[PDB]
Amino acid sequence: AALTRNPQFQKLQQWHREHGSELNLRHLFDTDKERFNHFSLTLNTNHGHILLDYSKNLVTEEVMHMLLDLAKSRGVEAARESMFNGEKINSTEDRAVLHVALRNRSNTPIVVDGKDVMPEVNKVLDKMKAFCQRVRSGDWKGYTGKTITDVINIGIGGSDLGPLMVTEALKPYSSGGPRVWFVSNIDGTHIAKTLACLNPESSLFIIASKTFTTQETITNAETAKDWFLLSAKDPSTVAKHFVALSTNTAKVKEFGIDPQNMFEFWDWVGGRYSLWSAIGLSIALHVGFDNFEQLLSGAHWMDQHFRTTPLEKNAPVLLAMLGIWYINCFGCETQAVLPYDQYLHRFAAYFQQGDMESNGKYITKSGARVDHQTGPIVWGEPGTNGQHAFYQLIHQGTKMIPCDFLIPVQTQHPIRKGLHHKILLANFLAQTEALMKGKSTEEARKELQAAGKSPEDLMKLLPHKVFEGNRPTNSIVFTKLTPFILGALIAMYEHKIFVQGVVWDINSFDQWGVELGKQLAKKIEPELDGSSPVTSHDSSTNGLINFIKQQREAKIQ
């Protein structure tokens, strides 16, 4: 395993064993008035500023140096170029990894298998735009000649969560667009409850599946199609209400979709990195293609920042190494993502997939079994909702939890002359200040005394009122949450995931872990029909199946 054998890594772990515990944020800030200046990064995109304040982290100049050294010695710069240049770094599948090509606004040639991929990227985008124009303007008409009012994306994983998170994040930019709906669960209630709110004559479905045989997606697509046909009787109308983001033209034709409404993407486009491709169609439809282009440009901006910036000043890499520090040295299992922004309520869920499906790995690019930790469990809820659910554990539990706090300076809803947003900002700043400052015994004792508590009352309360602090955070503040900024932000985290992967020597771009579950589920499916008991598995699987058969018959109240 490369990491463990890397001398810079070893130096890093030895230092932590020796000095890690003695680091205390409060002392560090009390002793060094330049801390913010030393550990902060200001990015002017020319379309708004993004401030990355990583100063409330358990680091010193010495630690940052050791980390930057490790990134250098782990080759992140060369691995980065390999990615951007089209080399097949997805080693286990022998594929390129070029989500950066999807948003490549410079159109600089990126060649794979002898051909510049750019023209294909652009043909698809041009195609998406033309269609998006037809639909939004009311040009495109349903089978009864009515304009489209609802766009329904059907897909799983990356064919879903991205468009869904982005459209929710960019709501304010959706004037003139039709409503978007997202179906993903195979669970029939997901499609039932969506279908119940629709009019077939004005609904347009998008089936998002590269192979067009994804089971849950195609099953959902077929239910939608039978629902449509109940009204339209006529199968030739399907072409008016169902389009496809896919590569499987035969299967697409078979379903009833006009193959001119098949929007292609490529194998170098991982699902958890697909929103910038044809997979983004529902985003473009909801907020228009200008905004979709701003989203891509935002991503492109961050891509250039990742590429041209010295490591010391590289947002994505600084983010990654801080994570390595907490994962491979402090041993923290999780990474919290807390955007103080309701529109961004699925931001954390989205990266739960991006990070976890990319870096939840245990085999290195050499075939070696990892002997160090890899990807963290990512999780979160937007502030201040989360603040009211679980921060108690963050402030006073027994776990170290690195948190990323995010917020826009300008809100899309400056209601009450800025009141809600002021309170929101104050909490965003106070929470991180709290996590790092804490409240000592003496500090709490004073408050108890001043509040009128008795000595007995004081004695019992005291310990519970102490905050140990020393809980590290990142603050990421940006001028406003526009399509462009959102683009840069998503890409920033994408590149953070890339770097950690490189440092760990794993392949962030495959996902072999899904195979076992699918094959086992195929075996079970037919065993579920019928009354007789199943005895072919382990006793649990067997017992569970038999309990389902017994109770499926039950009439309950």
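We number the residues from 1 along the sequence you see.
Stretches compared: 472-480, 413-421. Higher mean C-alpha B-factor in the entry: 413-421. The stretch with the higher mean CA B factor, choosing between 169-177 and 389-397, is 169-177.
Across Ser106, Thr92, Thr334, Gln342, the entry's maximum B-factor at the CA atom is seen for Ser106. When the Cα B-factors of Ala320, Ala221, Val112, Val151 are read from the PDB record, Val112 comes out highest.
Remark: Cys197 belongs to the highest third of its chain, ranked by C-alpha B-factor as recorded.
Annotation for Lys146: CA B-factor lies in the highest third of the chain's modelled residues. Among all modelled residues in its chain, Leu338 ranks in the lowest third by Cα B-factor. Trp227 sits in the highest third of its chain by CA B factor, as recorded in the PDB entry.
The PDB entry assigns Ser184 a C-alpha temperature factor belonging to the middle third of its chain's modelled residues.
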